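Q: Quick one: the structure is below, and I'll ask about it shortly.
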Amino acid sequence: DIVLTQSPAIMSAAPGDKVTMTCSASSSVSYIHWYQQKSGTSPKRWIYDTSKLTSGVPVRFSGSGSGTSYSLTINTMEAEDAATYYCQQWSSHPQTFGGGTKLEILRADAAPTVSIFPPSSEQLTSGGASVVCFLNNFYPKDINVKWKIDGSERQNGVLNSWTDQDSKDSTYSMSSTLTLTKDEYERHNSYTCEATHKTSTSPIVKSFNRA
Amino acid sequence: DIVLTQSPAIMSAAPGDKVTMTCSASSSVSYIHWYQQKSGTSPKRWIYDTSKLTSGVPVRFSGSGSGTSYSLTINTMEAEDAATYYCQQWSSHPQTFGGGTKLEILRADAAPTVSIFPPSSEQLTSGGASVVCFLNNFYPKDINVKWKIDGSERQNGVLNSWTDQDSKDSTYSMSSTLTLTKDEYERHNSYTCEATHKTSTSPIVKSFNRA
Amino acid sequence: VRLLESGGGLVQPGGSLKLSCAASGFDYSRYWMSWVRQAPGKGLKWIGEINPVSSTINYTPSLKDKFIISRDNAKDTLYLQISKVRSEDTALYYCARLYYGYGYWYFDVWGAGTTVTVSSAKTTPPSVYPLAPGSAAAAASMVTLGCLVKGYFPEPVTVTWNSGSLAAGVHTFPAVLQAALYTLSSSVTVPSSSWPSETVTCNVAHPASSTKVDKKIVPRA
Amino acid sequence: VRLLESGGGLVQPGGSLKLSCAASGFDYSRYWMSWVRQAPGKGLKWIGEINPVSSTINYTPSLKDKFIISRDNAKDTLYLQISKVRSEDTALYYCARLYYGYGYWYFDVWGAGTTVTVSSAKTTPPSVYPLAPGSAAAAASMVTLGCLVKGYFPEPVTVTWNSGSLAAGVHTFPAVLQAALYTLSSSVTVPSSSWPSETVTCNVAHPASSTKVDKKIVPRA
Amino acid sequence: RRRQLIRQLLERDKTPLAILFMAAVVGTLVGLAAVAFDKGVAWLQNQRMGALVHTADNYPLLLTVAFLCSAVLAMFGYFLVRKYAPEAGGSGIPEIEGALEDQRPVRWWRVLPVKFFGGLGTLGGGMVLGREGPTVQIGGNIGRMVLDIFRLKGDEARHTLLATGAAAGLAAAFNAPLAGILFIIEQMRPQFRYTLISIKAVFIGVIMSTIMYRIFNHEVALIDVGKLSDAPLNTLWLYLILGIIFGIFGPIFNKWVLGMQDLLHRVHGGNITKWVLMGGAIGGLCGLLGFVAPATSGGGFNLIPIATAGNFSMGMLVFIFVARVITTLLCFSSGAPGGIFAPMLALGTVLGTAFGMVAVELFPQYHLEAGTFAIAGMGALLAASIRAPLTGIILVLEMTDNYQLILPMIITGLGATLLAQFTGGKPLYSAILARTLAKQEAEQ
Amino acid sequence: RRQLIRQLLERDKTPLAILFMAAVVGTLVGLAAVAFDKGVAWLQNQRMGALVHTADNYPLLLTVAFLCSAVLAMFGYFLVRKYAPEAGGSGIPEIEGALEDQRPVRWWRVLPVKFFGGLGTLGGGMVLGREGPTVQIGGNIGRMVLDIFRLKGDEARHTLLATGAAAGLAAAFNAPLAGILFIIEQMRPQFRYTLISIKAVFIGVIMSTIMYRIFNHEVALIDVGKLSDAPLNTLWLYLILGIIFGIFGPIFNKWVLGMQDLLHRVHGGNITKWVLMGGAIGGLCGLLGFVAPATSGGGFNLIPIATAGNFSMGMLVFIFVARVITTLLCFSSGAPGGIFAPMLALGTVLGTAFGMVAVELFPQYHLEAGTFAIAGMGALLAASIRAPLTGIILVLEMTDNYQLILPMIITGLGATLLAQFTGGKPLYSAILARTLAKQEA
């Protein structure tokens, strides 16, 4: 069956910028369709038959092409344009979709608001100890995390979870949770949490001591 | 609102008779209809536009007439025609129905089948006491019921109920029900139910004994 | 096609009730629907009609709000709401689908009816008592049994035997009223060589209280 | 026009289930209906399609009985049976209305979707732990709080702060699976003046296991 | 040429009141006649089913009373034609077309009883023949009768009332008012000279006979097929092909019907006794086939909705087509009373679905429904054989009521007319008039 | 007899060259009509865009309503008067004459004049159709390709002139059959036999319809949904409705005719006074397209609204009277643009009016005004232009209520009969007669 691969898998652009993704087909195709899927909601029909805007789409959008190469475009981007855009053929059966292009709001860099938390008294009254460490509100999404127990590196038992771009400021967040047994946790004192971002050469250390 | 009055309100003929009932209007009408309502059943559009038969109406039926006079005619009646037939016009809004013509069937004799029933032990745990006596499938309709507690005649609140004429065997059926209290019933021993019908000079009786 | 009206029963005088009638088996649009009533042991009187787009609704010589007829095309349902109910309004209410031959309209397919009883009394589920014969009974070719239904209000009830799979040889006698309560009984007749050697059950159903009672006829102990 | 599909949830490997898409706001006939599933953090895949008279049902290149698409125009609903299930079938399933322009077909309108999870892991309620800052915390402009929802199965949980009235400054991070259980944390950033003086609570609902928990963030005394 | 046209333009659409009132009386009579005729054919087909019930046990004995019932009805049909009016055999449309060119007579005193009671026989026996033939011809004669009876004068009054009867004839046969009119102003009219056919008068005729049809046949349609799917633009080319296929086939069919006329003329050699007997043999075969495989025999209106729905298999379709081509020839070509119009709809429907089916699996991306191609191809054989597309398209449109398929219907129809022309085919109705007119300059 | 046999076997034989050229005409006509229709909308759009920018000051907005249409009307009337006077009014009378060879087809001139001329009069929201423009343009396009490709003969001349005119009507109404039927009902020399190849007209209509459907699919010109059926005991009411249209049909004809005359005095044939009077009417239309939009415009927007029975009886009578006036003022004053369309919008309004009276008169009939609306829609076309078969089919193709065929015919015919018996004439042929007699005067 016909394969559709979209060009910029992920991309960023400032509001009011010429935004342009591609949809290249394995074989020859005619009249493709574009879908706008925002985070946590239905996909919506955006562009159909190579170029026709749907009953409600703002005119800043547009698309064209032919044969084996098709593209979607935004003359003057907006905030309300951040989403994944999925192309889709049906000129041949069975119909196939693209992998999607994720459009993201580009912005001014931001340094994280690091916060480290000690295992709750209740979790300990259960034998476990989770040291949460929040990395909130930063740009770009590239950040590294390093834990130091008693001023010594720890790579085992960490779980990181990035959010998708923020709906109010378009800054990423992240959470690093280090998980230990109470016994293990209790034979140590110092617990550090290092964030290696773009905005600084020296990492934002945030830690606490059991004393 | 045109007032339609129907010829015989109640009529009786024997299968094989040609039968003609009538619909007469206060004013002038055109293309009236007829409805068949069999016992304990919803009406069924029988004849429409004066003389067209509905689908699945046997050809023995036929409508006719104009102006003030309209007739429905069963050429050779059959016993499965025991219904009440309503005429209805809508040549002048609002529409208006007739009063009915209850067609009753004359057939040969049929002696009633008598069944006597003692109060159930459930009803005895309720304080009431009802002795039920069915008399099923008899012709003609006229029947005389009779109640003898311990030989002595009883009439202190019997209840009689007859069915309509049956659509297929043209017979009647009746239920007679004696009502007492627990102790009232239990201070007697032998109950009988006496049925007097055309078919037999000597009354048919069904009796039961606690002993 | 099938019109199955419901929501009738007991109302206090001067009150109101919303009758439904649920269509199925035809395009319910295209069709004007109607309501015709039949008071007990009497004739037929038209209540009102209603074209599919509800832009024409006509009633019978009544009061400014006496009846109210609507329809929900999405549910296929027809509605009748009656206002301030006197006793003439005690009837069986049919919804009928309307059509025409040469053009003079008729009542095409009629419903089964819902019964509306305007009375002071209360809704009473019936009591059902099995009636097998007196222990020593001359059980010939044919044994006749029945069951007694009493202490219910209002009307009606339905009695089937063995979920209606037993049809021939059944008589259900019209209810009789005594001190604001109705009473009737049904009488099935089967081969003696078919009982008690086989399950014989009466299925009494009183819609007003939403109550079924299934009574198996036990041979008297 | 609304598309609304249910039937999602947790299923055992080698099991099977029956998703349902109920339609409202248009003539459900006339239209072709279709299922499109989306594997987590992955592309959109076409399952199949069905015409109004259900006389043509097409599936994707996918073995025999796996998918059984049916529809009931009478109820205005579309069905999909997935059979002998595996982990791959774990995805978000949308139903879709089909249409054209020139005649090159598109997926017109979509429902919200249902999430089918296929794993032999057992349903497990979450443990909620309040995250108050330590006794060494030098207060800044704002203050960050949070609660940990560790050890549950399957997705989802819903974490709202002060029954949603504290809408701003929240970060409910994606959950992660480890050894057949899920873990996520949620941070609410509120001003220095706002806490501990005013009370901050997190409300965690995991309805998969009938868990409703409110956990209050009190400072380490 | 200038001053005469100003006098003409102001005196345009001026039809004498007398003609118009007489056009109205024509229609009424045509309708009632066609109604009565249609009621006759059903009644006779009914007794024929009533006999098979009486002998439902004995397998070969039932097959006998199938044949001999139709045989005796066909023989009674062919006879009435041969003995009393030879001009009213076959369709009758070619005879009326000639009557408009004044190159044929309209023996009303003769044809009416011959065609009516004659058709009743051949149609009643379940032969593969239409009603149009009978009703169109009868329609013309009815119009001629009232011209004669009321001795009206002129070319206008003569051509007009002959035409309006013919139209009210087709209308009452198909409940298709517009089709009747369009038939007259597409074929029927002298295509070589200007005629005084009052088009407004044709109307009143068609109306009256349509009303007359609707009085007696209300609430039930001739063809019910429900609203089929739409047709997307990128699909249209498939109807063009379907048309081309009908286009090459159209005249091939015409040669077959023409040749079969001749090849069957030898079997009886113009002899009444051998003709009638051959006639009953075909008739009998149809009544026989109206049981062993009813799709092969009969008018064909029964299998139209069944095919459009896609209820036949591809195998069963191919069979039905082949067997119907045969049966359609044997009945019409053998000069039995009854048009070839109707079986040509039944033929195009069957071919349309055949093409639809292959298209559906070839092009799943198109989301096809063969029923759309069945309706496109329904009046296509009429458009490539009779060569009256505008009449065929509207006739279908009036009976199937799928206006949304207008484009495909035109595209196929035209696609048929073009290739039917470029492969040297001729309007089958005009080709028969030419054959009978040239046979008259040969015996004289 | 012997010549007829040679004739019959040589029937429906159309030269391949004609047919290929018929196809190329259609395409061009369609595209042109498409582009034309996209122009009128575009211009009506800027007109709404101006009212937006001046939405506060009440009399100030009423001015930019007037002056917007005025300037567009004046631009229209001028292009006609200065460059091609033959392409004023409808244009169908002109093409009918062209088929009788009694008129020339100045294609080099009319196309630009009618196109850009129409865009102005229509774009200003004047009570005029698109047919006029598209039918006439359609004919000229067909004449162009005859000339450009230098094709020989009467057949080739009459045929390509006709198929263009049909493809013109089709593309104007998305109505393929109506286009064809119009040619073979009017349009053809009704007094001599013509070599108009009917098969060739088809190909043209097909191509321009496809052209229309490529650019305007999924949206219908008139949507009205499936109305109720019509019981036989009801038909007589459609006969009466027809007779009402029948008496009125010719009375309307007189008024359009007389109004042409009474407006010729206002400007006296002078281009300066004509154009200025033209903008005054145009301006009034763009003014009315806001204070009461139903009185102005083409009328396609109020058809579904009337059929549904959304106007009150009062509102209807008013709309009719007002539209009678506005229809004359625009067309009679010789502005470019047909009277076909407003005569649909006129008949629908009268149809509903009759329907409503009927509904309350006869509750027993279970009527719906909308059925009488659809019967009466093409009724004025049947009594004034006197092409019923085209009117009946045009409605049928646009409203899609085939079940109402019998009422539609009975009304239609009832119109044509009484419009005949009260001495009325085919308004299209009456204008050709007018222009030809003014030529030998």
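Scheme for the structure tokens: letters A, B, ... for chains in order shown; per-chain residue numbers from 1; ligand numbers from 1 in order shown.
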Tell me the residues of chain F close to chain B, meaning within 9 Å using only C-alpha atoms, as a PyMOL selection string.

A: chain F and resi 362-365

Q: Keeping N, CA and C atoms, export the residues of the selection given above as a compact mmCIF listing (two decimals), in the first residue's frame.

A:
```
# COMPACT_ATOMS: atom_id res chain seq x y z
N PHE F 362 -59.47 24.75 3.15
CA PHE F 362 -59.70 23.31 3.09
C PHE F 362 -58.78 22.55 4.04
N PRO F 363 -59.16 22.50 5.32
CA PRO F 363 -58.38 21.74 6.29
C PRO F 363 -58.44 20.24 6.00
N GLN F 364 -59.52 19.80 5.34
CA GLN F 364 -59.72 18.39 5.02
C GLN F 364 -58.72 17.85 4.00
N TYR F 365 -58.12 18.76 3.23
CA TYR F 365 -57.17 18.38 2.19
C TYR F 365 -55.76 18.17 2.71
```

Q: After a least-squares superposition of chain C onto chain D, with every Cα atom paired in order, give the RMSD to one decimal place.

A: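 2.6 Å is the C-alpha RMSD between the two chains.
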
Q: Calculate the C-alpha RMSD, in Å to one decimal, after superposing chain A onto chain B by least squares over all C-alpha atoms paired in sequence order.

A: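 Result: 2.2 Å C-alpha RMSD.
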
Q: Excluding residue E:419 and any residue of its chain fewer than 3 positions from it, enumerate the residues within 7 Å of it, using only C-alpha atoms, and give them as a PyMOL selection string.

A: chain E and resi 244+247-248+415-416+422-423

Q: Keeping only N, CA, C and O atoms, write the selected residues as a short mmCIF file (atom, residue, chain, number, x, y, z; two decimals), in the first residue's frame.

A:
```cif
data_model
loop_
_atom_site.label_atom_id
_atom_site.label_comp_id
_atom_site.auth_asym_id
_atom_site.auth_seq_id
_atom_site.Cartn_x
_atom_site.Cartn_y
_atom_site.Cartn_z
N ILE E 244 -20.22 3.83 -24.08
CA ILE E 244 -19.48 3.29 -25.22
C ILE E 244 -19.81 1.82 -25.43
O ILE E 244 -20.02 1.39 -26.56
N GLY E 247 -22.99 1.68 -26.79
CA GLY E 247 -22.86 2.28 -28.11
C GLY E 247 -22.45 1.30 -29.19
O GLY E 247 -22.98 1.35 -30.30
N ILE E 248 -21.50 0.41 -28.89
CA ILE E 248 -21.13 -0.59 -29.88
C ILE E 248 -22.20 -1.66 -29.97
O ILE E 248 -22.46 -2.20 -31.04
N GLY E 415 -23.12 8.72 -24.51
CA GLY E 415 -22.06 7.78 -24.86
C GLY E 415 -22.59 6.63 -25.68
O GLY E 415 -21.87 6.07 -26.50
N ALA E 416 -23.85 6.28 -25.47
CA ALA E 416 -24.48 5.22 -26.25
C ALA E 416 -24.87 5.72 -27.64
O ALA E 416 -24.58 5.04 -28.63
N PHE E 422 -21.67 6.14 -34.78
CA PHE E 422 -20.40 5.95 -35.46
C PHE E 422 -20.09 4.50 -35.85
O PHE E 422 -19.18 4.26 -36.63
N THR E 423 -20.86 3.55 -35.32
CA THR E 423 -20.76 2.17 -35.79
C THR E 423 -21.89 1.86 -36.79
O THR E 423 -22.32 0.71 -36.93
#
```

Q: Tell me as JSON, numbers by chain which residues belonging to chain D come within 10 Å of chain C, counting only C-alpha atoms.

A: {"D": [24, 25, 26, 27, 74]}

Q: Using the selection just defined, write its residues with N, CA, C and O atoms as a compact mmCIF listing (two decimals), in the first residue's frame.

A:
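For reference, selection_39.txt as written:
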```txt
# COMPACT_ATOMS: atom_id res chain seq x y z
N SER D 24 -25.39 11.03 16.45
CA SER D 24 -26.47 11.98 16.70
C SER D 24 -26.27 13.27 15.91
O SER D 24 -25.18 13.84 15.90
N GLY D 25 -27.34 13.73 15.25
CA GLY D 25 -27.32 15.05 14.62
C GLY D 25 -27.29 15.04 13.10
O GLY D 25 -27.06 16.08 12.49
N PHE D 26 -27.52 13.87 12.51
CA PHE D 26 -27.62 13.72 11.06
C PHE D 26 -28.26 12.40 10.70
O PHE D 26 -28.33 11.49 11.54
N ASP D 27 -28.75 12.29 9.47
CA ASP D 27 -29.29 11.04 8.96
C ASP D 27 -28.15 10.04 8.95
O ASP D 27 -27.27 10.10 8.08
N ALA D 74 -31.01 1.37 12.81
CA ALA D 74 -32.18 1.49 13.67
C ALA D 74 -31.86 2.17 15.01
O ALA D 74 -32.69 2.92 15.55
```

Q: Could you name the residues that touch stretch 320-322 of chain F at 7 Å or less, counting only C-alpha atoms, but leaving out those on the same chain fewer than 5 positions away, as a ChimeraX atom specification?

A: /F:295,346,349
